[PDB]
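K.L.:
Need coordinates for the following:
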Amino acid sequence: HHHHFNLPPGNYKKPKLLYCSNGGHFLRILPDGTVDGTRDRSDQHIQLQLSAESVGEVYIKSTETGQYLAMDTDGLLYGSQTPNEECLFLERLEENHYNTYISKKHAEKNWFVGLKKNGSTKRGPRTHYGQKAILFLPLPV
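P.N.:
Numbering: from 1, shown residues only. Shown next is the structure:
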């Protein structure tokens, strides 16, 4: 492991909104495969079904479109029509409270799912432990 194994509480039974502490955006996977954040709680593309692969590993799937959150080779989040290596994230507790999502594929590089204050996703290399951008709270839909 390149990362700790503090796991967040909760389960994957229900879809979640992934609310980002940073700008208060919900992670959104748009139908065209774009990923960003929106503050609009009624948005139909922020309802995400997480599911476990191995313990601490998740897929993050748009319930609306079926797209999997994925991070590509250059660290960009995208919506994938099919689950692939890029779609696995290490879901961890952070600051004893939040959820973070580390690209499994790029775990050694500490590439996280992150939203900027302006609602744009962070590119993997731009994310780091310590950032607000990487901190998510899974909220009930």
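
K.L.:
the strands in the chain, which residues?
P.N.:
Under the criterion DSSP state E, the chain carries strands at the ranges 16-20, 25-29, 35-38, 48-52, 57-62, 68-71, 77-80, 89-94, 98-103, 136-140.

K.L.:
Return the set of buried residues in the fourth one.
P.N.:
Judged by neighbour count using 16 or more other C-beta atoms under 10 Å, the buried positions of strand 48-52 are 48, 49, 50. Where C-beta positions appear, they are placed from N, C-alpha and C, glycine not excepted.

K.L.:
so the first one makes contact with residue 59?
P.N.:
No: between residue 48 and residue 59 there is no contact, the gap being 9.5 Å when judged by C-beta atoms under 8 Å.

K.L.:
list residues touching both of those two?
P.N.:
Common contact partners of residue 48 and residue 59 (C-beta atoms under 8 Å, 6 or more residues apart in numbering): residue 69.

K.L.:
got a list of what residue 139 touches?
P.N.:
By C-beta under 8 Å, 6+ apart, the residues touching residue 139 are 16, 17, 18, 19, 26.

K.L.:
Check those residues and tell me the two furthest apart.
P.N.:
Every pair in the contacts of residue 139 was compared (C-beta to C-beta); the two farthest apart turn out to be 16 and 26, at 9.6 Å.

K.L.:
Name whatever forms a beta bridge with the residue nearest to residue 34 when sequence neighbours are not counted.
P.N.:
Counting by C-beta to C-beta, 6 or more residues apart in numbering, residue 79 is the residue found nearest to residue 34 once chain neighbours are left out, at 7.1 Å. Applying DSSP bridges to residue 79 gives these bridge partners: residue 69.

K.L.:
now do residue 92
P.N.:
Counting by DSSP bridges, the residues bridging with residue 92 are residue 100.

K.L.:
ok, it - contacts?
P.N.:
Neighbouring residues of residue 92 by C-beta under 8 Å, 6+ apart: 3, 4, 5, 6, 7, 8, 56, 99, 100, 101, 102.

K.L.:
No more questions from me, cheers.
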